[PDB]
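This document starts with one chain, in the form deposited in one PDB entry, laid out as structure tokens.
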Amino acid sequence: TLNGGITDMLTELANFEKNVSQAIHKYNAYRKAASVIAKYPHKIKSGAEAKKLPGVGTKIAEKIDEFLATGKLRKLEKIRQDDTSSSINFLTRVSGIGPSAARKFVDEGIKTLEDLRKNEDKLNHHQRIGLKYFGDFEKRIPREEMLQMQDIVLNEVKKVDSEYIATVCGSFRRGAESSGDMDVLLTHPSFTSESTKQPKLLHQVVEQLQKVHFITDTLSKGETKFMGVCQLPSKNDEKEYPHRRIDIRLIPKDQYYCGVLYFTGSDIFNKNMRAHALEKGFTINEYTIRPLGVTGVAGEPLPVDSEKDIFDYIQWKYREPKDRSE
């Protein structure tokens, strides 16, 4: 990629501030800076040039000057040498371990992958499954496997009830050649903003996917969100596929377009789009777009009949999923 050095540097700084400093705004600021530079269709030749971009200010511009001149950042060099920082950054790579638990473990002398395996009784359930599939969860998913996975999920959902609709979102819907996980949007005519005519709607789908050994583990589960682990079946003598993260989101069917807009992302595109909505006087979530009145209180849901309607409200030209990879 065109400014890969700079965006990697900024991502490492973002990870440091979230994981180690526990400074969530610095984290979001670095990620915004990285995203706008990754977008920029010119090889950046100075910090001043990059400062022209929205979300690059004085401090990042100076870091960019250091990096272009020397190929590195002293601040990052030091972070990498610091044992406490390095240990906490590593521990947050386990799904379910964040900045707080990572620092808790390191304070206790639990600093390595071995230390976790030796201390499984100190992990909650999510962290336990994350440790178990730590290696698997580092591997990306080729689109060819996502297509197999899509085909399994959609057919099994159909066998539970043919009125379900399951839509694979995330990077897959944006056309990516590889995905980090599988995100499935689900709807059913019984569950709308106005009524829930049948419960267990998500449960029945999860149960059927466990029955056929597609879903292998559960990280968390509720009435509308499932987060867990799945695996493609392998053939005779074939090495097994890696285990994969899967998230299933049950959205009221009349709220499908806000739901699919949300679950298609990217996360930074969503953040940017919701920022713009506020500037235009609306608030967007995965259910509705609503105005902000005189008090900045969210009013009543606006009528939405397409993803593009959402764009129309905030005065953005429609962007196809493949152009939302920010």
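For clarity, a rigid core is taken as the largest C-alpha set superposing within 1.5 Å between two forms. The numbering used is simple: start at 1 and walk along the sequence shown.
Not pictured, yet referred to below: the form deposited in another entry.
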Inset, instruction - Using a superposition on the rigid core, decide whether the Cα position of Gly259 changes by 2 angstroms or more between this form and the one not shown. - result: no
Inset, instruction - Determine whether the C-alpha of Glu307 shifts by 2 Å or more between this form and the one not shown once the rigid core is superposed. - result: yes
Legend entry - Flag for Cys230, CA shift 2 Å or larger between this form and the one not shown after aligning core: no
